[PDB]
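So this block is upload_19.pdb, PDB, C-alpha atoms:
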```pdb
ATOM      1  CA  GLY V 402     136.115 160.179  76.769
ATOM      2  CA  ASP V 403     134.788 158.489  73.586
ATOM      3  CA  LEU V 404     134.735 162.194  72.484
ATOM      4  CA  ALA V 405     138.620 162.026  72.684
ATOM      5  CA  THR V 406     138.633 159.058  70.165
ATOM      6  CA  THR V 407     137.127 160.353  66.783
ATOM      7  CA  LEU V 408     138.678 163.784  67.534
ATOM      8  CA  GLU V 409     142.064 162.039  66.733
ATOM      9  CA  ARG V 410     140.709 160.945  63.271
ATOM     10  CA  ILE V 411     140.625 164.790  62.667
ATOM     11  CA  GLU V 412     144.398 165.321  61.889
ATOM     12  CA  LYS V 413     144.135 169.179  62.124
ATOM     13  CA  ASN V 414     145.394 171.873  64.576
ATOM     14  CA  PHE V 415     142.793 172.812  67.280
ATOM     15  CA  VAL V 416     141.600 172.648  70.944
ATOM     16  CA  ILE V 417     138.233 172.502  72.773
ATOM     17  CA  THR V 418     137.489 174.331  76.065
ATOM     18  CA  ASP V 419     134.553 174.173  78.510
ATOM     19  CA  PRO V 420     133.274 177.649  79.484
ATOM     20  CA  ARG V 421     131.073 175.942  82.167
ATOM     21  CA  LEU V 422     134.231 174.867  84.133
ATOM     22  CA  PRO V 423     135.892 177.984  85.705
ATOM     23  CA  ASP V 424     138.621 179.857  83.712
ATOM     24  CA  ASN V 425     137.410 178.050  80.543
ATOM     25  CA  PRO V 426     140.124 175.277  80.496
ATOM     26  CA  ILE V 427     141.275 173.079  77.536
ATOM     27  CA  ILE V 428     139.474 169.636  77.633
ATOM     28  CA  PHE V 429     141.035 168.466  74.307
ATOM     29  CA  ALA V 430     144.181 169.364  72.315
ATOM     30  CA  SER V 431     145.007 167.812  68.867
ATOM     31  CA  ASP V 432     148.442 166.274  67.882
ATOM     32  CA  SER V 433     149.105 169.201  65.416
ATOM     33  CA  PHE V 434     148.586 171.727  68.296
ATOM     34  CA  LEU V 435     150.748 169.823  70.874
ATOM     35  CA  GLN V 436     153.577 169.351  68.314
ATOM     36  CA  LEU V 437     153.374 173.108  67.315
ATOM     37  CA  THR V 438     153.290 174.402  70.983
ATOM     38  CA  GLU V 439     156.050 171.876  72.106
ATOM     39  CA  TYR V 440     153.668 170.776  74.973
ATOM     40  CA  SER V 441     151.929 167.469  75.959
ATOM     41  CA  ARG V 442     148.291 166.606  76.967
ATOM     42  CA  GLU V 443     149.408 166.348  80.662
ATOM     43  CA  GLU V 444     150.848 169.908  80.956
ATOM     44  CA  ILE V 445     147.979 171.813  79.121
ATOM     45  CA  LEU V 446     144.627 169.913  79.597
ATOM     46  CA  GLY V 447     142.620 171.487  82.494
ATOM     47  CA  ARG V 448     144.715 174.706  81.797
ATOM     48  CA  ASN V 449     143.395 178.096  80.339
ATOM     49  CA  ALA V 450     145.073 178.915  76.999
ATOM     50  CA  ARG V 451     146.556 182.323  77.933
ATOM     51  CA  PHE V 452     149.925 180.413  78.350
ATOM     52  CA  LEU V 453     150.134 180.863  74.515
ATOM     53  CA  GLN V 454     150.458 184.622  75.045
ATOM     54  CA  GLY V 455     153.635 186.682  75.494
ATOM     55  CA  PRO V 456     155.021 190.235  75.404
ATOM     56  CA  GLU V 457     154.757 190.477  71.533
ATOM     57  CA  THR V 458     151.085 189.181  71.691
ATOM     58  CA  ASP V 459     148.721 192.019  70.669
ATOM     59  CA  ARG V 460     146.786 193.002  73.838
ATOM     60  CA  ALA V 461     143.840 194.509  71.857
ATOM     61  CA  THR V 462     143.441 191.216  69.947
ATOM     62  CA  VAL V 463     143.357 189.258  73.273
ATOM     63  CA  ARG V 464     140.485 191.513  74.362
ATOM     64  CA  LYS V 465     138.596 190.870  71.031
ATOM     65  CA  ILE V 466     138.947 187.144  72.002
ATOM     66  CA  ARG V 467     137.874 187.754  75.629
ATOM     67  CA  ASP V 468     134.811 189.714  74.365
ATOM     68  CA  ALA V 469     133.735 187.075  71.740
ATOM     69  CA  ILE V 470     134.016 184.385  74.521
ATOM     70  CA  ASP V 471     131.973 186.371  77.065
ATOM     71  CA  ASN V 472     129.303 187.286  74.381
ATOM     72  CA  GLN V 473     129.240 183.714  72.899
ATOM     73  CA  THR V 474     130.039 184.863  69.290
ATOM     74  CA  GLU V 475     132.603 183.531  66.797
ATOM     75  CA  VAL V 476     135.778 185.564  65.965
ATOM     76  CA  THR V 477     138.724 185.118  63.537
ATOM     77  CA  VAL V 478     142.067 186.728  64.548
ATOM     78  CA  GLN V 479     145.760 186.496  63.610
ATOM     79  CA  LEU V 480     148.265 187.246  66.494
ATOM     80  CA  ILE V 481     151.695 186.176  67.986
ATOM     81  CA  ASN V 482     151.649 183.010  70.215
ATOM     82  CA  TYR V 483     154.444 181.308  72.239
ATOM     83  CA  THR V 484     155.666 177.668  72.398
ATOM     84  CA  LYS V 485     156.826 176.144  75.740
ATOM     85  CA  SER V 486     160.418 177.173  74.711
ATOM     86  CA  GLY V 487     159.279 180.832  74.069
ATOM     87  CA  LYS V 488     159.554 180.562  70.201
ATOM     88  CA  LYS V 489     157.117 183.156  68.726
ATOM     89  CA  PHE V 490     154.758 182.001  65.918
ATOM     90  CA  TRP V 491     151.847 183.596  64.005
ATOM     91  CA  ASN V 492     148.493 182.066  65.033
ATOM     92  CA  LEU V 493     145.695 182.623  62.475
ATOM     93  CA  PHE V 494     142.919 181.071  64.547
ATOM     94  CA  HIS V 495     139.082 180.750  64.410
ATOM     95  CA  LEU V 496     137.054 180.543  67.640
ATOM     96  CA  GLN V 497     133.440 179.284  67.551
ATOM     97  CA  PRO V 498     131.095 178.081  70.323
ATOM     98  CA  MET V 499     129.496 174.562  70.150
ATOM     99  CA  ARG V 500     125.738 175.218  70.668
ATOM    100  CA  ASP V 501     122.675 172.875  71.335
ATOM    101  CA  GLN V 502     123.347 172.216  75.098
ATOM    102  CA  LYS V 503     119.492 172.223  75.105
ATOM    103  CA  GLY V 504     119.866 174.991  72.391
ATOM    104  CA  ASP V 505     122.869 176.678  74.182
ATOM    105  CA  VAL V 506     126.755 176.993  74.377
ATOM    106  CA  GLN V 507     128.578 174.052  76.123
ATOM    107  CA  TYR V 508     132.030 174.280  74.378
ATOM    108  CA  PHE V 509     134.398 176.608  72.500
ATOM    109  CA  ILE V 510     136.341 175.331  69.478
ATOM    110  CA  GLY V 511     139.686 176.948  68.561
ATOM    111  CA  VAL V 512     141.078 175.982  65.137
ATOM    112  CA  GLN V 513     144.641 177.253  64.311
ATOM    113  CA  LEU V 514     145.845 177.292  60.642
ATOM    114  CA  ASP V 515     149.043 175.243  59.979
ATOM    115  CA  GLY V 516     151.623 178.038  59.481
ATOM    116  CA  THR V 517     153.972 180.122  61.696
ATOM    117  CA  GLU V 518     154.450 182.916  59.014
ATOM    118  CA  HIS V 519     152.083 185.973  58.883
ATOM    119  CA  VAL V 520     149.485 185.294  56.096
ATOM    120  CA  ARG V 521     147.650 188.072  54.132
ATOM    121  CA  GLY V 522     144.940 188.792  51.481
ATOM    122  CA  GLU V 523     143.224 185.824  49.729
ATOM    123  CA  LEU V 524     146.039 183.426  50.801
ATOM    124  CA  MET V 525     144.588 184.191  54.307
ATOM    125  CA  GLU V 526     140.882 184.376  53.318
ATOM    126  CA  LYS V 527     141.213 180.721  52.055
ATOM    127  CA  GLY V 528     142.903 179.533  55.287
ATOM    128  CA  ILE V 529     139.949 181.265  57.110
ATOM    129  CA  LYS V 530     137.433 179.211  55.031
ATOM    130  CA  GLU V 531     139.528 176.067  55.730
ATOM    131  CA  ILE V 532     139.660 176.480  59.609
ATOM    132  CA  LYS V 533     135.996 177.735  59.621
ATOM    133  CA  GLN V 534     135.028 174.448  57.849
ATOM    134  CA  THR V 535     137.452 172.432  60.068
ATOM    135  CA  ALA V 536     135.367 173.772  63.012
ATOM    136  CA  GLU V 537     131.951 172.993  61.445
ATOM    137  CA  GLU V 538     133.416 169.420  61.178
ATOM    138  CA  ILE V 539     134.372 169.282  64.904
ATOM    139  CA  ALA V 540     130.931 170.664  66.022
ATOM    140  CA  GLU V 541     129.292 167.705  64.062
ATOM    141  CA  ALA V 542     131.659 165.118  65.732
ATOM    142  CA  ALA V 543     131.173 166.724  69.194
ATOM    143  CA  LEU V 544     127.338 166.735  68.951
ATOM    144  CA  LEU V 545     127.340 162.990  68.060
ATOM    145  CA  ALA V 546     129.733 162.170  70.968
ATOM    146  CA  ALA V 547     127.162 164.005  73.263
ATOM    147  CA  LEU V 548     124.062 162.155  71.916
ATOM    148  CA  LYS V 549     126.099 158.867  72.152
ATOM    149  CA  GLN V 550     126.833 159.836  75.813
ATOM    150  CA  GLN V 551     123.105 160.565  76.705
ATOM    151  CA  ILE V 552     122.058 157.181  75.174
ATOM    152  CA  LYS V 553     124.674 155.382  77.377
ATOM    153  CA  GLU V 554     123.083 157.116  80.464
ATOM    154  CA  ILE V 555     119.362 156.536  79.561
ATOM    155  CA  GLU V 556     120.205 152.810  78.878
ATOM    156  CA  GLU V 557     121.684 152.641  82.445
ATOM    157  CA  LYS V 558     118.612 154.456  83.944
ATOM    158  CA  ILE V 559     116.438 151.733  82.212
ATOM    159  CA  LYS V 560     118.456 148.922  83.929
ATOM    160  CA  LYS V 561     118.098 150.722  87.383
ATOM    161  CA  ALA V 562     114.289 151.021  86.759
ATOM    162  CA  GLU V 563     114.140 147.379  85.391
ATOM    163  CA  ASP V 564     115.629 146.122  88.722
ATOM    164  CA  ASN V 565     113.280 148.400  90.832
ATOM    165  CA  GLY V 566     110.532 146.500  88.824
ATOM    166  CA  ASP V 567     109.239 149.942  87.738
ATOM    167  CA  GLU V 568     107.492 148.989  84.420
ATOM    168  CA  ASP V 569     105.886 152.501  84.022
ATOM    169  CA  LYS V 570     109.341 154.247  84.247
ATOM    170  CA  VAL V 571     110.989 151.491  82.004
ATOM    171  CA  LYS V 572     108.505 152.481  79.186
ATOM    172  CA  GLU V 573     108.898 156.293  79.859
ATOM    173  CA  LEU V 574     112.678 156.020  79.141
ATOM    174  CA  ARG V 575     112.482 153.349  76.311
ATOM    175  CA  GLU V 576     110.335 156.073  74.486
ATOM    176  CA  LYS V 577     112.866 158.907  75.225
ATOM    177  CA  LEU V 578     115.688 156.563  73.930
ATOM    178  CA  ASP V 579     113.973 155.550  70.604
ATOM    179  CA  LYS V 580     113.495 159.376  69.940
ATOM    180  CA  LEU V 581     117.120 160.347  70.900
ATOM    181  CA  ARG V 582     118.476 157.189  69.036
ATOM    182  CA  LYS V 583     116.464 157.788  65.761
ATOM    183  CA  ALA V 584     117.815 161.365  65.973
ATOM    184  CA  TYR V 585     121.396 159.951  66.315
ATOM    185  CA  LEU V 586     121.167 157.514  63.367
ATOM    186  CA  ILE V 587     119.767 160.397  61.250
ATOM    187  CA  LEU V 588     122.875 162.619  61.977
ATOM    188  CA  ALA V 589     125.303 159.610  61.721
ATOM    189  CA  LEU V 590     123.677 158.751  58.301
ATOM    190  CA  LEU V 591     123.855 162.361  56.918
ATOM    191  CA  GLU V 592     127.564 162.417  57.793
ATOM    192  CA  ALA V 593     128.225 158.763  56.691
ATOM    193  CA  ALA V 594     126.665 159.894  53.338
ATOM    194  CA  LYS V 595     128.540 163.265  53.086
ATOM    195  CA  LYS V 596     131.932 161.418  53.498
ATOM    196  CA  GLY V 597     130.714 158.697  51.071
ATOM    197  CA  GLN V 598     131.260 156.053  53.819
ATOM    198  CA  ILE V 599     129.398 153.232  51.988
ATOM    199  CA  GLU V 600     129.898 150.522  54.723
ATOM    200  CA  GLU V 601     128.831 152.931  57.529
ATOM    201  CA  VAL V 602     125.749 153.944  55.427
ATOM    202  CA  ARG V 603     125.068 150.133  55.028
ATOM    203  CA  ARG V 604     125.765 149.305  58.709
ATOM    204  CA  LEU V 605     123.498 152.239  59.837
ATOM    205  CA  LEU V 606     120.541 151.548  57.492
ATOM    206  CA  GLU V 607     120.515 147.951  58.916
ATOM    207  CA  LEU V 608     120.230 149.363  62.512
ATOM    208  CA  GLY V 609     116.973 150.952  61.138
ATOM    209  CA  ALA V 610     118.332 154.467  60.337
ATOM    210  CA  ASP V 611     115.593 156.709  58.756
ATOM    211  CA  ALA V 612     116.817 157.132  55.107
ATOM    212  CA  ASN V 613     114.353 160.114  54.951
ATOM    213  CA  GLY V 614     116.019 162.028  57.855
ATOM    214  CA  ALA V 615     116.616 165.642  56.701
ATOM    215  CA  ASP V 616     119.088 168.182  58.277
ATOM    216  CA  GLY V 617     117.647 171.638  59.182
ATOM    217  CA  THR V 618     117.591 172.588  55.463
ATOM    218  CA  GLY V 619     115.501 169.556  54.212
ATOM    219  CA  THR V 620     118.894 168.153  52.938
ATOM    220  CA  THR V 621     118.582 164.303  53.113
ATOM    221  CA  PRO V 622     121.258 161.576  52.834
ATOM    222  CA  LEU V 623     120.270 161.220  49.103
ATOM    223  CA  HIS V 624     120.903 164.960  48.448
ATOM    224  CA  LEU V 625     124.361 164.646  49.994
ATOM    225  CA  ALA V 626     125.255 161.450  48.021
ATOM    226  CA  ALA V 627     123.910 163.081  44.786
ATOM    227  CA  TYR V 628     125.922 166.326  45.441
ATOM    228  CA  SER V 629     129.137 164.271  46.087
ATOM    229  CA  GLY V 630     128.543 161.821  43.183
ATOM    230  CA  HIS V 631     128.531 158.710  45.497
ATOM    231  CA  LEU V 632     126.661 156.204  43.161
ATOM    232  CA  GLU V 633     126.793 153.043  45.339
ATOM    233  CA  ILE V 634     125.301 155.129  48.258
ATOM    234  CA  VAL V 635     122.591 156.739  46.096
ATOM    235  CA  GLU V 636     121.694 153.125  44.981
ATOM    236  CA  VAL V 637     121.607 151.612  48.538
ATOM    237  CA  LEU V 638     119.579 154.597  49.887
ATOM    238  CA  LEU V 639     116.937 153.949  47.155
ATOM    239  CA  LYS V 640     117.007 150.206  48.063
ATOM    240  CA  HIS V 641     116.149 151.230  51.695
ATOM    241  CA  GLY V 642     113.294 153.270  50.238
ATOM    242  CA  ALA V 643     114.441 156.913  50.469
ATOM    243  CA  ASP V 644     112.153 159.552  48.848
ATOM    244  CA  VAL V 645     113.791 160.059  45.348
ATOM    245  CA  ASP V 646     111.986 163.489  45.145
ATOM    246  CA  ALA V 647     112.900 164.919  48.605
ATOM    247  CA  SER V 648     113.001 168.763  48.158
ATOM    248  CA  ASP V 649     115.170 171.001  50.393
ATOM    249  CA  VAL V 650     114.562 174.657  51.530
ATOM    250  CA  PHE V 651     115.806 175.863  48.086
ATOM    251  CA  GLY V 652     113.543 173.549  45.923
ATOM    252  CA  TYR V 653     116.481 171.168  45.107
ATOM    253  CA  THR V 654     115.754 167.468  44.579
ATOM    254  CA  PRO V 655     118.847 165.233  44.286
ATOM    255  CA  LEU V 656     118.180 165.172  40.505
ATOM    256  CA  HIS V 657     118.780 169.005  40.542
ATOM    257  CA  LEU V 658     122.090 168.486  42.414
ATOM    258  CA  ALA V 659     123.237 165.579  40.182
ATOM    259  CA  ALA V 660     122.499 167.862  37.134
ATOM    260  CA  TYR V 661     124.306 171.021  38.503
ATOM    261  CA  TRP V 662     127.402 168.868  39.391
ATOM    262  CA  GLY V 663     127.349 166.694  36.171
ATOM    263  CA  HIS V 664     126.967 163.250  37.890
ATOM    264  CA  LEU V 665     125.508 161.514  34.748
ATOM    265  CA  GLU V 666     125.435 157.952  36.222
ATOM    266  CA  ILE V 667     123.494 159.308  39.283
ATOM    267  CA  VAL V 668     121.112 161.281  37.031
ATOM    268  CA  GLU V 669     120.409 157.882  35.320
ATOM    269  CA  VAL V 670     119.855 155.932  38.617
ATOM    270  CA  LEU V 671     117.488 158.650  39.967
ATOM    271  CA  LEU V 672     115.353 158.673  36.751
ATOM    272  CA  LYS V 673     115.239 154.812  36.597
ATOM    273  CA  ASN V 674     113.838 154.989  40.209
ATOM    274  CA  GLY V 675     111.014 157.401  39.302
ATOM    275  CA  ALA V 676     112.537 160.860  39.884
ATOM    276  CA  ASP V 677     110.162 163.740  38.872
ATOM    277  CA  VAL V 678     112.201 164.590  35.715
ATOM    278  CA  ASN V 679     110.357 167.998  35.714
ATOM    279  CA  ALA V 680     110.609 168.963  39.434
ATOM    280  CA  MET V 681     111.047 172.823  39.663
ATOM    281  CA  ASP V 682     113.146 174.570  42.341
ATOM    282  CA  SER V 683     111.999 177.903  43.940
ATOM    283  CA  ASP V 684     113.341 179.663  40.740
ATOM    284  CA  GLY V 685     111.321 177.375  38.410
ATOM    285  CA  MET V 686     114.633 175.750  37.276
ATOM    286  CA  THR V 687     114.059 172.069  36.242
ATOM    287  CA  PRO V 688     117.074 169.673  35.983
ATOM    288  CA  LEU V 689     116.980 170.270  32.174
ATOM    289  CA  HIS V 690     117.321 174.072  32.686
ATOM    290  CA  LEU V 691     120.418 173.281  34.858
ATOM    291  CA  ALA V 692     122.103 170.709  32.466
ATOM    292  CA  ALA V 693     121.411 173.107  29.521
ATOM    293  CA  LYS V 694     122.606 176.265  31.352
ATOM    294  CA  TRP V 695     125.877 174.603  32.602
ATOM    295  CA  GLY V 696     126.625 172.613  29.387
ATOM    296  CA  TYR V 697     126.180 168.926  30.413
ATOM    297  CA  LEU V 698     124.995 167.567  26.966
ATOM    298  CA  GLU V 699     124.930 163.795  27.893
ATOM    299  CA  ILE V 700     122.818 164.719  30.987
ATOM    300  CA  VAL V 701     120.511 166.694  28.620
ATOM    301  CA  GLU V 702     120.191 163.578  26.293
ATOM    302  CA  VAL V 703     119.446 161.241  29.298
ATOM    303  CA  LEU V 704     116.917 163.770  30.707
ATOM    304  CA  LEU V 705     115.009 163.759  27.358
ATOM    305  CA  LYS V 706     114.824 159.853  27.143
ATOM    306  CA  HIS V 707     112.782 160.127  30.422
ATOM    307  CA  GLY V 708     110.325 162.910  29.538
ATOM    308  CA  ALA V 709     111.989 166.300  30.316
ATOM    309  CA  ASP V 710     109.439 169.069  29.366
ATOM    310  CA  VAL V 711     111.448 171.169  26.809
ATOM    311  CA  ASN V 712     108.831 174.046  27.089
ATOM    312  CA  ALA V 713     108.969 174.322  30.969
ATOM    313  CA  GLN V 714     109.860 177.928  32.112
ATOM    314  CA  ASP V 715     111.669 179.550  35.075
ATOM    315  CA  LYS V 716     110.478 182.720  36.950
ATOM    316  CA  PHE V 717     112.317 184.614  34.057
ATOM    317  CA  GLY V 718     110.195 182.880  31.326
ATOM    318  CA  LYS V 719     113.353 181.093  29.936
ATOM    319  CA  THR V 720     113.176 177.471  28.582
ATOM    320  CA  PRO V 721     116.217 175.093  28.684
ATOM    321  CA  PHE V 722     116.687 175.942  24.939
ATOM    322  CA  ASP V 723     116.689 179.732  25.837
ATOM    323  CA  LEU V 724     119.540 179.235  28.449
ATOM    324  CA  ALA V 725     121.761 177.058  26.147
ATOM    325  CA  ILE V 726     121.535 179.969  23.649
ATOM    326  CA  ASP V 727     122.305 182.513  26.442
ATOM    327  CA  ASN V 728     125.376 180.430  27.618
ATOM    328  CA  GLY V 729     126.509 179.801  23.962
ATOM    329  CA  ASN V 730     125.988 175.994  24.313
ATOM    330  CA  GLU V 731     125.066 175.894  20.567
ATOM    331  CA  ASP V 732     125.252 172.031  20.375
ATOM    332  CA  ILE V 733     122.803 171.570  23.340
ATOM    333  CA  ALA V 734     120.341 174.220  21.900
ATOM    334  CA  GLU V 735     120.360 172.215  18.579
ATOM    335  CA  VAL V 736     119.254 169.044  20.503
ATOM    336  CA  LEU V 737     116.524 170.998  22.386
ATOM    337  CA  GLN V 738     115.287 172.076  18.879
ATOM    338  CA  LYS V 739     115.385 168.453  17.529
ATOM    339  CA  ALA V 740     112.939 167.695  20.423
ATOM    340  CA  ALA V 741     111.126 171.107  20.765
TER     341      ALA V 741
END
```
Please render this file's structure as structure tokens.
Amino acid sequence: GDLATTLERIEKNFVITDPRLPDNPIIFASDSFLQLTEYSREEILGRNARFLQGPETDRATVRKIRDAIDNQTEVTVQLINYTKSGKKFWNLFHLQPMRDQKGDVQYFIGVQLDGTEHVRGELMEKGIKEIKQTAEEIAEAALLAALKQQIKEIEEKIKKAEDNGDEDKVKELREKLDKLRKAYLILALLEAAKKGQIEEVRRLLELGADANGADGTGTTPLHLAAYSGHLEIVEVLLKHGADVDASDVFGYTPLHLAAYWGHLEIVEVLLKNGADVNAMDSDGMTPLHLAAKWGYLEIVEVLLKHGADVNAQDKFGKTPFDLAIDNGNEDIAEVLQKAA
């Protein structure tokens, strides 16, 4: 529906199927896939994908696919597949279920790697990372389309109630909505921020998106923007009052991520907005430990302007000076002496 709209922004080879409809038919096919298979939406959608198979198609592999589908697990296979015309091609394809149908499996995602020639080794292991991560992407898009869909429906159930003059049921839904909708803007913001979409971050924050919405891992929009080196987004997120010292699972504040990845300008913004210069991660690494270990001298110099404790230790007793020495960053060690 609206599903079928953003899915076209994803210019990669894949399909989606619904295991809840019988014989698990294709509900979406990408332009890459339709071009490659010499088919059209009309002649494949609502159809089970075994039409790809032929005599040369490895029957054991088909059963590995069957089994993964029935058991709701992922699976990565390479095998021979057939165009409309009967042209054989190598399909290196990843299958993964889309979960959270109330914490469940509602869809299967099948990402094929662009290629008709049998791939091998680390050429192949890269392509597997690619189509694995292409599928992560689609799960994200598909979830949002679903939450968008529920909000449409609840808004219509309000109207129905509003006209029945059912004020007690109008407030019982308006409270479900607000929950579901906050939840949406949180996911839309994390992804807007990942992709550095500065206008969509802006647009969202102004619909009252929670700038402190974490993913599962305590990863906030600020962590993503810091990781990716998106300055204008880091700045706007601080303007809408996002916690500059959000930790994740791992102990990482955005200042840790900016340090690891050498985003100097973003290190500066964070500090100027009151970042805990001396925040430790779960391994007692401070941002100074990280800039020193990985040889980001300018980031070391900026950290020290704003109070970095040069005597701070990690769970191995090492100071930032001790790690510059261990990584042969002689220049950085010399600065951590001139401030020791």
Just the residues within 10 Å of stretch 588-597 of chain V, please, counting all atoms listed in the file, with nothing from its chain fewer than 5 positions along; format it as a PDB file with C-alpha atoms, keeping the file's coordinate frame.
```
ATOM      1  CA  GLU V 538     133.416 169.420  61.178  1.00  0.00           C
ATOM      2  CA  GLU V 541     129.292 167.705  64.062  1.00  0.00           C
ATOM      3  CA  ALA V 542     131.659 165.118  65.732  1.00  0.00           C
ATOM      4  CA  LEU V 544     127.338 166.735  68.951  1.00  0.00           C
ATOM      5  CA  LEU V 545     127.340 162.990  68.060  1.00  0.00           C
ATOM      6  CA  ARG V 582     118.476 157.189  69.036  1.00  0.00           C
ATOM      7  CA  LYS V 583     116.464 157.788  65.761  1.00  0.00           C
ATOM      8  CA  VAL V 602     125.749 153.944  55.427  1.00  0.00           C
ATOM      9  CA  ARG V 603     125.068 150.133  55.028  1.00  0.00           C
ATOM     10  CA  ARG V 604     125.765 149.305  58.709  1.00  0.00           C
ATOM     11  CA  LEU V 605     123.498 152.239  59.837  1.00  0.00           C
ATOM     12  CA  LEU V 606     120.541 151.548  57.492  1.00  0.00           C
ATOM     13  CA  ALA V 610     118.332 154.467  60.337  1.00  0.00           C
ATOM     14  CA  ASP V 611     115.593 156.709  58.756  1.00  0.00           C
ATOM     15  CA  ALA V 612     116.817 157.132  55.107  1.00  0.00           C
ATOM     16  CA  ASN V 613     114.353 160.114  54.951  1.00  0.00           C
ATOM     17  CA  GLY V 614     116.019 162.028  57.855  1.00  0.00           C
ATOM     18  CA  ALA V 615     116.616 165.642  56.701  1.00  0.00           C
ATOM     19  CA  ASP V 616     119.088 168.182  58.277  1.00  0.00           C
ATOM     20  CA  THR V 620     118.894 168.153  52.938  1.00  0.00           C
ATOM     21  CA  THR V 621     118.582 164.303  53.113  1.00  0.00           C
ATOM     22  CA  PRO V 622     121.258 161.576  52.834  1.00  0.00           C
ATOM     23  CA  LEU V 623     120.270 161.220  49.103  1.00  0.00           C
ATOM     24  CA  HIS V 624     120.903 164.960  48.448  1.00  0.00           C
ATOM     25  CA  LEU V 625     124.361 164.646  49.994  1.00  0.00           C
ATOM     26  CA  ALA V 626     125.255 161.450  48.021  1.00  0.00           C
ATOM     27  CA  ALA V 627     123.910 163.081  44.786  1.00  0.00           C
ATOM     28  CA  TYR V 628     125.922 166.326  45.441  1.00  0.00           C
ATOM     29  CA  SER V 629     129.137 164.271  46.087  1.00  0.00           C
ATOM     30  CA  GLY V 630     128.543 161.821  43.183  1.00  0.00           C
ATOM     31  CA  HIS V 631     128.531 158.710  45.497  1.00  0.00           C
ATOM     32  CA  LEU V 632     126.661 156.204  43.161  1.00  0.00           C
ATOM     33  CA  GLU V 633     126.793 153.043  45.339  1.00  0.00           C
ATOM     34  CA  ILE V 634     125.301 155.129  48.258  1.00  0.00           C
ATOM     35  CA  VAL V 635     122.591 156.739  46.096  1.00  0.00           C
ATOM     36  CA  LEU V 638     119.579 154.597  49.887  1.00  0.00           C
TER      37      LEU V 638
END
```
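Interatomic distance, atom CA of residue V:414 to atom CA of residue V:438: 10.5 Å.
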Near residue V:526, counting all atoms listed in the file, which residues have an atom at most 12 Å away, once you skip same-chain residues fewer than 5 positions from it, shown as a compact mmCIF listing (two decimals) with C-alpha atoms, in the frame of the given file?
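Here's the written file result_3.txt:
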```txt
# COMPACT_ATOMS: atom_id res chain seq x y z
CA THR V 477 138.72 185.12 63.54
CA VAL V 478 142.07 186.73 64.55
CA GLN V 479 145.76 186.50 63.61
CA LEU V 493 145.70 182.62 62.48
CA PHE V 494 142.92 181.07 64.55
CA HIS V 495 139.08 180.75 64.41
CA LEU V 514 145.84 177.29 60.64
CA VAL V 520 149.49 185.29 56.10
CA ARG V 521 147.65 188.07 54.13
CA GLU V 531 139.53 176.07 55.73
CA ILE V 532 139.66 176.48 59.61
CA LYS V 533 136.00 177.74 59.62
```
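Our summary of the geometry notes that atom CA of residue V:447 is positioned 19.5 Å from atom CA of residue V:547.
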Report as a PyMOL selection string the full result of the PyMOL selection byres ((chain V and resi 722-734) around 8) when it is applied to this structure. chain V and resi 690+693-696+698+701+711+719-721+735-738
Written as a list in words, which residues does the PyMOL selection byres ((chain V and resi 480-489) around 6) give for the file shown? residues 438, 439, 453, 454, 458, 479, 490, 491 and 492 of chain V
What does the distance from atom CA of residue V:651 to atom CA of residue V:714 come to in Å, to one decimal? 17.2 Å
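Taking all atoms listed in the file into account, residue V:598 lies nearest to V:637 out of the set V:409, V:569, V:584, V:637.
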Would you kindly return, as an MDAnalysis selection string, each protein, DNA or RNA residue with an atom no farther than 10 Å from any atom of stretch 442-444 of chain V, considering only C-alpha atoms and excluding same-chain residues fewer than 5 positions away? chainID V and resid 427:432 435
Answer key for the PyMOL selection byres ((chain V and resi 556) around 12), residues as a PDB file with C-alpha atoms, keeping the file's coordinate frame:
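Written file, selection.pdb:
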```pdb
ATOM      1  CA  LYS V 549     126.099 158.867  72.152  1.00  0.00           C
ATOM      2  CA  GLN V 550     126.833 159.836  75.813  1.00  0.00           C
ATOM      3  CA  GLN V 551     123.105 160.565  76.705  1.00  0.00           C
ATOM      4  CA  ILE V 552     122.058 157.181  75.174  1.00  0.00           C
ATOM      5  CA  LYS V 553     124.674 155.382  77.377  1.00  0.00           C
ATOM      6  CA  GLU V 554     123.083 157.116  80.464  1.00  0.00           C
ATOM      7  CA  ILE V 555     119.362 156.536  79.561  1.00  0.00           C
ATOM      8  CA  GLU V 557     121.684 152.641  82.445  1.00  0.00           C
ATOM      9  CA  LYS V 558     118.612 154.456  83.944  1.00  0.00           C
ATOM     10  CA  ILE V 559     116.438 151.733  82.212  1.00  0.00           C
ATOM     11  CA  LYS V 560     118.456 148.922  83.929  1.00  0.00           C
ATOM     12  CA  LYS V 561     118.098 150.722  87.383  1.00  0.00           C
ATOM     13  CA  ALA V 562     114.289 151.021  86.759  1.00  0.00           C
ATOM     14  CA  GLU V 563     114.140 147.379  85.391  1.00  0.00           C
ATOM     15  CA  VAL V 571     110.989 151.491  82.004  1.00  0.00           C
ATOM     16  CA  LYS V 572     108.505 152.481  79.186  1.00  0.00           C
ATOM     17  CA  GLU V 573     108.898 156.293  79.859  1.00  0.00           C
ATOM     18  CA  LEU V 574     112.678 156.020  79.141  1.00  0.00           C
ATOM     19  CA  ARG V 575     112.482 153.349  76.311  1.00  0.00           C
ATOM     20  CA  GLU V 576     110.335 156.073  74.486  1.00  0.00           C
ATOM     21  CA  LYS V 577     112.866 158.907  75.225  1.00  0.00           C
ATOM     22  CA  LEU V 578     115.688 156.563  73.930  1.00  0.00           C
ATOM     23  CA  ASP V 579     113.973 155.550  70.604  1.00  0.00           C
ATOM     24  CA  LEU V 581     117.120 160.347  70.900  1.00  0.00           C
ATOM     25  CA  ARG V 582     118.476 157.189  69.036  1.00  0.00           C
TER      26      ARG V 582
END
```
